[PDB]
Amino acid sequence: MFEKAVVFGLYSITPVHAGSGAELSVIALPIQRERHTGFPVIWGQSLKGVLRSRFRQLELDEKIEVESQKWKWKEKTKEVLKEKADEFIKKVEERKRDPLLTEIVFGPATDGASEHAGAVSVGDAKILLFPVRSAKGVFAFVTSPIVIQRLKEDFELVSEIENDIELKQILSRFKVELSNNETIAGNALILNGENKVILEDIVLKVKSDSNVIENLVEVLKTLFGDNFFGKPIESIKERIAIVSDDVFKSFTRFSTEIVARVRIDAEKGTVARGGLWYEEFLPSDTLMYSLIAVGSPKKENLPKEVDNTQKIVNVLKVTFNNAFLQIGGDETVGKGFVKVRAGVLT
Amino acid sequence: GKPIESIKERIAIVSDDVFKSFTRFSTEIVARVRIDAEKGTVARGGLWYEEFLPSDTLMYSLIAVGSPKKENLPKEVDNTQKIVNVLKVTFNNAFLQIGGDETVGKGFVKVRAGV
Amino acid sequence: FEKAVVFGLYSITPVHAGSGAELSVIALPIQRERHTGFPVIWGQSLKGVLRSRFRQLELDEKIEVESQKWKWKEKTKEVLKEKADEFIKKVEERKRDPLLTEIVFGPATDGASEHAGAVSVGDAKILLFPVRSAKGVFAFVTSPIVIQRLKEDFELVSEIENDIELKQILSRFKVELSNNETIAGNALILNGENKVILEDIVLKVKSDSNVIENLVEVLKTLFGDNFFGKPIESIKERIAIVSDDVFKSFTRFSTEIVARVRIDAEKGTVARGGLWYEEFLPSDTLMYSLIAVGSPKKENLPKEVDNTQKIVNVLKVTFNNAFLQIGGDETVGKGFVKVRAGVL
Amino acid sequence: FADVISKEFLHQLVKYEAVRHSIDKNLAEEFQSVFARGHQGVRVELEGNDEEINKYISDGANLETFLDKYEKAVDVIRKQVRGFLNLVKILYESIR
Amino acid sequence: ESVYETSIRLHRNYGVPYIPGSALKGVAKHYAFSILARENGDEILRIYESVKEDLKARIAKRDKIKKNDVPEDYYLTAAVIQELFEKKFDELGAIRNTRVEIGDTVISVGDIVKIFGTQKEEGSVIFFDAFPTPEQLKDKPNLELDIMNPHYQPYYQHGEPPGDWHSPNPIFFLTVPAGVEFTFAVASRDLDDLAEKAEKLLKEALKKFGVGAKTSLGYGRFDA
Amino acid sequence: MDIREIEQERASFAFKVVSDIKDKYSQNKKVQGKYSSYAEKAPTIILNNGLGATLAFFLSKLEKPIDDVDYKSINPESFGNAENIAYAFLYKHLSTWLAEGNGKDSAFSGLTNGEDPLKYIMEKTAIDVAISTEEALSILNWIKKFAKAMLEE
Amino acid sequence: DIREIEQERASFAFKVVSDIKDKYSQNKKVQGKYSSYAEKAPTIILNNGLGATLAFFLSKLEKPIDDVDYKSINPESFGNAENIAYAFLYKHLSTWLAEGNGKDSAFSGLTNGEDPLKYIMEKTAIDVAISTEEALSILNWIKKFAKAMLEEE
RNA sequence: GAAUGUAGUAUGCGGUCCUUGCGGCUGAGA
């Protein structure tokens, strides 16, 4: 039922707080995590909610370029609906319905829920590269074979959807095993004359193998090009460390930011009674990848420029490549901004 | 899509009460809410919690097959052995969606028919 | 997110951006990014002082909107005559924030769910770190990571403002310095030697004129021709760019460590355990933070604040060339900065 | 918490939740009082063929003291609180 | 704690001597305490016999036994005044009517506690640091040396008898010379009258009490 | 040996210790408020620094020499100031929960198997320290809830 | 299995503080001076650098520089209590920065081949900054354990 | 016997307030 799949790289430029209100814990406000592994995660319902909100805003403001041409939803509504189009745009003008392309791609409004569904199925954003502080260098981008196995298993989903062959051959040579006291890291972190690297508060002996990091690096180039979210990818290859699954789990659990927010009584000038609460934030420069699966638009009476999924894919790629979103909500305090870079596989 | 040997090291058989308790409480309960763009806050009463089966959950279902009703069927689907091979081949290594959260990336399951 | 304003913070006095969530060797640390260690001021703390300062100006009727005084009592009365006195009583008893503050920053904690604020105060990142030097007493130090993060900030405002012309100002910066190398002006390099001394290290000088000039131009565009009290050209020769880890070492070591005691009059000496250490951001440090402005979501807005542009100019005209208090130790003359409101 | 709660800290836990989720102290105290009074009368279905406990609940008597004498009071109180919250959820859905 | 076994408040950027605002606030508070004790010693002791007895017991526990030594002197008066201003600020409402003469104007106890703030209310006066005016930094030196010559150091430390032995070991500490001009500034937050009262009290404190080290030897004294 | 029985043991133990502190130090509200604030602050210290770091930090606020690290030998009533009493009581509760649970009779008998949790951090592996960290965070959450419920400041 | 460096830090600090407490239990002055020196050392390191602190420790020891091998120092061979405390502090710091908690331990030591004073003498500033962080951390642990279990003055 | 769709745990909140790096020491001995 799905013909094309487009990946969605996410690079946090500010701390990200995806709130998880379904937690029976009063110590802090935690970010949602995969319960069975503890890895940080952003649910598709949250990710789709910010995608649909951003896409609707662009269509309302007439900024989406379709087939290298501007899109006019108002004019297209007359071409699509003809009769009762003026009645329909009143609902959108009253914020009761969403513009045409938004309803085609993500789905109709709550009132018109039973009319049809959307064209895309926003996946779940999972961890790919975690930033932890290191003794040598400012910090390091960390991953693990479990994350790598998850990424390779994700390409099987795309390969099966598009009936491709080279997609599953991308990581077919990835057989990386790591002891608890071993790691594979670049030369920007290795302590001089020791073959050791100190991530956070752990000393890890450096393994002697360069193919694992090299093939991993070029995989990101396939999905994100050479421009690694504004910086050359070779500049960050030297600071990528591969740690064991258990060691990576410790980094995900405890190295996330914890901030002690507070409110102060204006009259007294000190902290108000009972006004003290702490939150947990995903660290900045955290790389997460989603997987958007898009099928044919269920709703009929649609313009030729959005005929098939391939036509729909180019709309998402153009309007979202190298774009900044706000996932999770702490917007008023400048938290949640993330760079987004889409792109289909080979 | 994973090596079989990498799985053999991660089975943990527990007691029935422990296993029963885990399935009740170790599943992901996801809070959900709808936001109105008019104010930017949440809408009153638009808050609820839904529970999801965790990923990496190996389910299994027995598929019972019988000889189809004789209604001048094609020559390739006469007996049961032919009507099971088509089902197994067309569904092995498939990827279909279950449940009512397809649009938010929930439901995709990899199927492995027993050959 | 229609328009974004960049706020520049320059510490006249040491700033103790309190963290209060950790313990260290030198007690009372400052809030820093965990994975990097660079000193930052989180948006929530920075927003609070801005909101608090805004309240006093409005409550004392000092805000100049469109070059006109803002009489909030009549403005609220005209806008909300249905409950003009009811709302006034709420802010008279300090249970609610005044009219303008709720529009700009957001409603008070009492009316949390009425709407959302029109301002997204970003975190304040380190831009220039003053580091002691042999010649050129203290050098403004920057790192490739900082400018790279600054470049992404310019990309964000460019996307918000839909102005590509501002997205290529610093795009011509790409430097790969080793630990022992640096890019510094002539005022820091020792005479007759291609080496510099930055408070603990001897760094060989790497020669490339455009890198400092590009950065110097960026600040000139960002904060005008007055660098918080001195011409930029007077400080262009004092800027030094050091390696990534060298900058990290400086911020983790060169921060002010102040010893404070409590003297009990009974004895005349330091009390039993009445001494503690407080970590401060060094004086003459530069920190920037974008102030994103969205559409004001309050119902029945006045015509003077209806759109984001009218909000932006009010914010600039009220938070430029002003002095604020950041962090604790307010009464002992600490945490005072001079703020500059700049637009790309 | 209804699964893991006991009669000793019933009042303290309820008071904490009320003062946390209320608007002021008087509303929290009223919620604590009404929850404490109402949740006493709730019929329970134990695994054993026990109707005496329901008979004690049906009137309002030394059942509270009898609960201390009773050998499975923890299950009784847990079922009581869970049923009271279930019925109040029904009522809240009905009004809303 | 420096390698030289001594130090001096030098600015991290320009290396000039300065007086931190915390020191100014502390010396102002302690001079207010001393003036209050001298002016109304026994009165507040009568008003606050309970806390003074508690303080005497605390001193008794710390200092050997001294069960009822507790000399009711200016030291204990200052101690109980500080305890009132630090942990029992609420009890100061009774004595808020009292006024103490500083310079020419009078200052209430409530005014003082509002100036310096408490554990539950922030102070209403900002105490800025003091810096030397740069005009004189070129003509006369802003830094100079001083001498510490501790004869009979073993007598003071190891308990040896005094007399004409224990050859002294001298060490030196840096200090700004006399006559150096400084600039002070205090800013209020609610009432400017509070700012001017704090300015007068701080001026008197620097005139009489003095700030910095060796305040008991005449060091750190200022004049108009 | 399910989750809910562990939660029952946590609730019972936290209520017991908070009630003991409330009854023993009912008159002085300063120590009660200090204990409540220290409890509400403790788990975040553990998250930011670690169980060993916060355990040592608690041990450093005793204003009296300690012969050897041991929670049983502590006696918070000896100290005079409310701060030291509160720190000693919090450390004693944390260590006794991590070393004995709710007693040997209860279902949960602790993790360190009678050893001082500081010693357990000292000589055990990182995985065990992480598990003890999670247990300490959970018990501290329960203690904070009960202290906010009962203790007055 | 892996062991966090914080565990090695705590183990080393407890070992050295317990060793000085047991060896000089009668010497109250030695314990008090060592506690004061341990609490004052990190500030000196921050103000003047690690190498200056290490040399200043030897200045009071009256031993000359450039012959500084910590293995060749008998800290008990000094008559004065201040000299004893300074020798103990210098030996502990140098041992941590040169060997860590032992070769078999998780932390094998930063310098690992010579005395940390010589390391600061003839090595780049990034390595001395790493050593300064390590020294500050171990000094914090030692100060905590000394303030807890060692008699003050 | 056969015969889901639509949905951002978000909105508002300053790790602040109170704390003198103080205490003691002959640039002197012939």
# chains A, B, ... in the order shown; residues from 1 in each chain; ligands from 1
>>> select_by_dssp(residues="segment 60-149 of chain F", states="alpha helix (DSSP H)", output="PyMOL selection string")
chain F and resi 82-100+117-123+126-149
>>> closest_atom_pairs(of="segment 32-75 of chain C", to="segment 5-29 of chain H", cutoff="9 Å", atoms="only C-alpha atoms (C1' of nucleotides)", output="Markdown table")
| residue | atom | partner | partner_atom | distance |
| --- | --- | --- | --- | --- |
| C:44 | CA | H:14 | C1' | 6.8 |
| C:45 | CA | H:14 | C1' | 4.3 |
| C:46 | CA | H:14 | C1' | 6.8 |
| C:47 | CA | H:14 | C1' | 7.2 |
| C:48 | CA | H:14 | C1' | 4.3 |
| C:49 | CA | H:14 | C1' | 5.8 |
| C:50 | CA | H:14 | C1' | 9.0 |
| C:52 | CA | H:14 | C1' | 8.4 |
>>> interface_residues(of="chain E", to="chain C", cutoff="6 Å", atoms="only C-alpha atoms", output="tab-separated table (two decimals) with N, CA, C and O atoms, in the first residue's frame")
chain	number	residue	atom	x	y	z
E	21	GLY	N	31.83	44.13	45.88
E	21	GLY	CA	30.63	44.66	46.51
E	21	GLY	C	30.15	43.83	47.68
E	21	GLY	O	29.50	44.35	48.59
E	22	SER	N	30.45	42.53	47.67
E	22	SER	CA	30.11	41.69	48.81
E	22	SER	C	30.83	42.16	50.06
E	22	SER	O	30.24	42.20	51.15
E	75	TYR	N	30.30	41.83	72.65
E	75	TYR	CA	30.47	40.70	71.75
E	75	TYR	C	29.20	39.87	71.66
E	75	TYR	O	28.72	39.55	70.57
E	76	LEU	N	28.62	39.52	72.82
E	76	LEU	CA	27.38	38.75	72.81
E	76	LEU	C	26.22	39.57	72.28
E	76	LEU	O	25.32	39.01	71.63
E	78	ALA	N	26.41	41.85	69.88
E	78	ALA	CA	26.55	41.79	68.43
E	78	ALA	C	26.19	40.42	67.90
E	78	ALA	O	25.57	40.30	66.83
E	79	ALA	N	26.55	39.36	68.63
E	79	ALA	CA	26.22	38.01	68.19
E	79	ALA	C	24.71	37.80	68.13
E	79	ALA	O	24.19	37.26	67.15
E	126	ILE	N	21.47	47.88	45.96
E	126	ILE	CA	22.51	47.19	45.21
E	126	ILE	C	23.86	47.75	45.62
E	126	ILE	O	24.06	48.97	45.64
E	127	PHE	N	24.79	46.86	45.96
E	127	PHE	CA	26.13	47.24	46.39
E	127	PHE	C	27.11	46.92	45.27
E	127	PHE	O	27.45	45.75	45.04
E	128	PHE	N	27.56	47.95	44.57
E	128	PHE	CA	28.50	47.78	43.47
E	128	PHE	C	29.93	47.72	43.99
E	128	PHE	O	30.24	48.15	45.10
>>> residues_around(residues="segment 44-60 of chain E", least_positions_apart="6", cutoff="12 Å", atoms="only C-alpha atoms (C1' of nucleotides)", output="PyMOL selection string")
(chain C and resi 266-267) or (chain E and resi 36-38+66-84+87-88+91-96+98+109) or (chain F and resi 80-81)
>>> write_last_selection(atoms="N, CA, C and O atoms", output="short mmCIF file (atom, residue, chain, number, x, y, z; two decimals), in the first residue's frame")
data_model
loop_
_atom_site.label_atom_id
_atom_site.label_comp_id
_atom_site.auth_asym_id
_atom_site.auth_seq_id
_atom_site.Cartn_x
_atom_site.Cartn_y
_atom_site.Cartn_z
N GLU C 266 30.38 37.49 66.90
CA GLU C 266 30.75 36.96 68.21
C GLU C 266 32.25 36.79 68.33
O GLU C 266 32.85 37.16 69.35
N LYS C 267 32.89 36.22 67.31
CA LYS C 267 34.32 35.94 67.33
C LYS C 267 35.13 36.93 66.52
O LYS C 267 36.21 37.34 66.96
N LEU E 36 24.35 49.33 66.48
CA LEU E 36 23.16 48.89 67.19
C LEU E 36 23.52 48.33 68.56
O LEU E 36 22.85 48.64 69.56
N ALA E 37 24.56 47.51 68.63
CA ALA E 37 24.96 46.92 69.90
C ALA E 37 25.39 47.99 70.89
O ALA E 37 24.95 47.99 72.05
N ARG E 38 26.23 48.93 70.45
CA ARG E 38 26.69 49.98 71.35
C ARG E 38 25.53 50.86 71.82
O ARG E 38 25.47 51.23 73.00
N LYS E 66 32.27 25.83 79.78
CA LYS E 66 31.83 27.21 80.01
C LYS E 66 30.32 27.29 80.21
O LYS E 66 29.60 27.99 79.50
N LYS E 67 29.85 26.55 81.21
CA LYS E 67 28.41 26.32 81.36
C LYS E 67 27.65 27.62 81.53
O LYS E 67 26.60 27.82 80.90
N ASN E 68 28.15 28.53 82.36
CA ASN E 68 27.46 29.80 82.58
C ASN E 68 28.43 30.97 82.61
O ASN E 68 28.17 31.97 83.29
N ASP E 69 29.55 30.87 81.90
CA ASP E 69 30.45 32.00 81.78
C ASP E 69 29.73 33.14 81.06
O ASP E 69 29.46 34.18 81.67
N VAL E 70 29.40 32.92 79.79
CA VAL E 70 28.52 33.75 78.97
C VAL E 70 28.62 35.24 79.32
O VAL E 70 27.64 35.81 79.81
N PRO E 71 29.76 35.89 79.11
CA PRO E 71 29.87 37.31 79.45
C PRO E 71 28.93 38.17 78.62
O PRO E 71 29.10 38.30 77.40
N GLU E 72 27.92 38.76 79.26
CA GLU E 72 26.93 39.59 78.58
C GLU E 72 27.58 40.92 78.24
O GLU E 72 27.39 41.94 78.90
N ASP E 73 28.38 40.91 77.17
CA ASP E 73 29.15 42.07 76.74
C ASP E 73 28.73 42.48 75.33
O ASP E 73 27.76 41.97 74.77
N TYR E 74 29.49 43.42 74.77
CA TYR E 74 29.21 43.89 73.41
C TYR E 74 29.39 42.77 72.40
O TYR E 74 28.69 42.75 71.38
N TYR E 75 30.30 41.83 72.65
CA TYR E 75 30.47 40.70 71.75
C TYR E 75 29.20 39.87 71.66
O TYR E 75 28.72 39.55 70.57
N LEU E 76 28.62 39.52 72.82
CA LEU E 76 27.38 38.75 72.81
C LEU E 76 26.22 39.57 72.28
O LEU E 76 25.32 39.01 71.63
N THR E 77 26.20 40.88 72.53
CA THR E 77 25.15 41.72 71.97
C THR E 77 25.21 41.71 70.45
O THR E 77 24.18 41.57 69.77
N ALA E 78 26.41 41.85 69.88
CA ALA E 78 26.55 41.79 68.43
C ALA E 78 26.19 40.42 67.90
O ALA E 78 25.57 40.30 66.83
N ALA E 79 26.55 39.36 68.63
CA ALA E 79 26.22 38.01 68.19
C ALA E 79 24.71 37.80 68.13
O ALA E 79 24.19 37.26 67.15
N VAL E 80 23.99 38.24 69.16
CA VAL E 80 22.54 38.05 69.16
C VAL E 80 21.87 38.96 68.14
O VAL E 80 20.87 38.58 67.53
N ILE E 81 22.42 40.16 67.91
CA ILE E 81 21.88 41.02 66.86
C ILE E 81 22.04 40.36 65.49
O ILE E 81 21.11 40.36 64.67
N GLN E 82 23.21 39.78 65.23
CA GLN E 82 23.43 39.08 63.97
C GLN E 82 22.51 37.87 63.84
O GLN E 82 21.97 37.61 62.76
N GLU E 83 22.32 37.13 64.93
CA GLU E 83 21.41 35.99 64.89
C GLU E 83 19.98 36.44 64.59
O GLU E 83 19.25 35.75 63.87
N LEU E 84 19.58 37.58 65.14
CA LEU E 84 18.27 38.14 64.81
C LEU E 84 18.19 38.50 63.33
O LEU E 84 17.19 38.21 62.66
N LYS E 87 18.63 34.66 61.16
CA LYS E 87 17.73 33.53 61.28
C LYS E 87 16.39 33.85 61.94
O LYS E 87 15.46 33.05 61.82
N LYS E 88 16.27 34.99 62.61
CA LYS E 88 15.03 35.40 63.27
C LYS E 88 14.61 36.78 62.80
O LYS E 88 14.28 37.67 63.59
N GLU E 91 11.26 38.43 64.02
CA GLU E 91 11.18 39.04 65.34
C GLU E 91 11.61 40.50 65.35
O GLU E 91 11.38 41.19 66.35
N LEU E 92 12.23 40.99 64.28
CA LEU E 92 12.71 42.37 64.24
C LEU E 92 11.59 43.39 64.12
O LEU E 92 11.86 44.59 64.24
N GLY E 93 10.35 42.95 63.88
CA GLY E 93 9.25 43.89 63.78
C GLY E 93 9.03 44.67 65.07
O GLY E 93 8.64 45.84 65.04
N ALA E 94 9.25 44.02 66.21
CA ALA E 94 9.10 44.70 67.49
C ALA E 94 10.10 45.84 67.65
O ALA E 94 9.76 46.89 68.19
N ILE E 95 11.35 45.64 67.20
CA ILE E 95 12.38 46.65 67.35
C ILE E 95 12.48 47.57 66.14
O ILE E 95 13.37 48.43 66.09
N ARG E 96 11.58 47.43 65.16
CA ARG E 96 11.61 48.28 63.98
C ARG E 96 11.39 49.75 64.32
O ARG E 96 11.81 50.62 63.55
N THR E 98 12.79 51.36 66.72
CA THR E 98 14.05 51.94 67.18
C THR E 98 14.81 52.56 66.01
O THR E 98 14.73 52.11 64.87
N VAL E 109 15.72 50.35 62.44
CA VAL E 109 16.11 48.95 62.32
C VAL E 109 15.38 48.29 61.16
O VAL E 109 15.97 47.51 60.40
N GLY F 80 23.50 19.03 66.15
CA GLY F 80 22.71 20.13 66.64
C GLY F 80 21.92 20.88 65.58
O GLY F 80 20.71 21.05 65.71
N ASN F 81 22.60 21.32 64.52
CA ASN F 81 21.94 22.09 63.48
C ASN F 81 20.97 21.21 62.69
O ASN F 81 21.18 20.00 62.54
#
>>> interface_residues(of="chain A", to="chain F", cutoff="8 Å", atoms="only C-alpha atoms", output="count of residues only")
5
>>> decode(residues="segment 214-227 of chain C", atoms="N, CA and C atoms", output="PDB file, in the first residue's frame")
ATOM      1  N   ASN C 214      35.982  38.785   8.416  1.00  0.00           N
ATOM      2  CA  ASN C 214      34.626  38.281   8.217  1.00  0.00           C
ATOM      3  C   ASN C 214      33.846  38.293   9.525  1.00  0.00           C
ATOM      4  N   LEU C 215      34.454  37.784  10.598  1.00  0.00           N
ATOM      5  CA  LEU C 215      33.793  37.795  11.898  1.00  0.00           C
ATOM      6  C   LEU C 215      33.563  39.221  12.383  1.00  0.00           C
ATOM      7  N   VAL C 216      34.557  40.094  12.204  1.00  0.00           N
ATOM      8  CA  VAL C 216      34.423  41.484  12.633  1.00  0.00           C
ATOM      9  C   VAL C 216      33.256  42.152  11.919  1.00  0.00           C
ATOM     10  N   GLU C 217      33.121  41.906  10.615  1.00  0.00           N
ATOM     11  CA  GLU C 217      32.005  42.475   9.867  1.00  0.00           C
ATOM     12  C   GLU C 217      30.670  41.953  10.383  1.00  0.00           C
ATOM     13  N   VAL C 218      30.614  40.671  10.752  1.00  0.00           N
ATOM     14  CA  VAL C 218      29.361  40.080  11.219  1.00  0.00           C
ATOM     15  C   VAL C 218      28.871  40.790  12.475  1.00  0.00           C
ATOM     16  N   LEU C 219      29.766  40.997  13.444  1.00  0.00           N
ATOM     17  CA  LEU C 219      29.383  41.719  14.654  1.00  0.00           C
ATOM     18  C   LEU C 219      29.007  43.160  14.338  1.00  0.00           C
ATOM     19  N   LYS C 220      29.720  43.788  13.401  1.00  0.00           N
ATOM     20  CA  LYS C 220      29.385  45.153  13.012  1.00  0.00           C
ATOM     21  C   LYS C 220      27.980  45.226  12.428  1.00  0.00           C
ATOM     22  N   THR C 221      27.621  44.266  11.573  1.00  0.00           N
ATOM     23  CA  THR C 221      26.253  44.203  11.070  1.00  0.00           C
ATOM     24  C   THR C 221      25.270  43.868  12.184  1.00  0.00           C
ATOM     25  N   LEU C 222      25.663  42.981  13.100  1.00  0.00           N
ATOM     26  CA  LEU C 222      24.741  42.516  14.131  1.00  0.00           C
ATOM     27  C   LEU C 222      24.435  43.610  15.148  1.00  0.00           C
ATOM     28  N   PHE C 223      25.465  44.301  15.637  1.00  0.00           N
ATOM     29  CA  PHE C 223      25.316  45.227  16.754  1.00  0.00           C
ATOM     30  C   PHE C 223      25.760  46.642  16.399  1.00  0.00           C
ATOM     31  N   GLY C 224      25.714  46.997  15.119  1.00  0.00           N
ATOM     32  CA  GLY C 224      26.036  48.362  14.756  1.00  0.00           C
ATOM     33  C   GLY C 224      27.526  48.663  14.831  1.00  0.00           C
ATOM     34  N   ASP C 225      27.829  49.960  14.867  1.00  0.00           N
ATOM     35  CA  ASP C 225      29.200  50.449  14.856  1.00  0.00           C
ATOM     36  C   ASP C 225      29.758  50.719  16.247  1.00  0.00           C
ATOM     37  N   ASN C 226      28.985  50.470  17.302  1.00  0.00           N
ATOM     38  CA  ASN C 226      29.431  50.682  18.677  1.00  0.00           C
ATOM     39  C   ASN C 226      29.422  49.340  19.397  1.00  0.00           C
ATOM     40  N   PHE C 227      30.610  48.826  19.713  1.00  0.00           N
ATOM     41  CA  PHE C 227      30.742  47.531  20.383  1.00  0.00           C
ATOM     42  C   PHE C 227      30.631  47.720  21.897  1.00  0.00           C
TER      43      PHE C 227
END
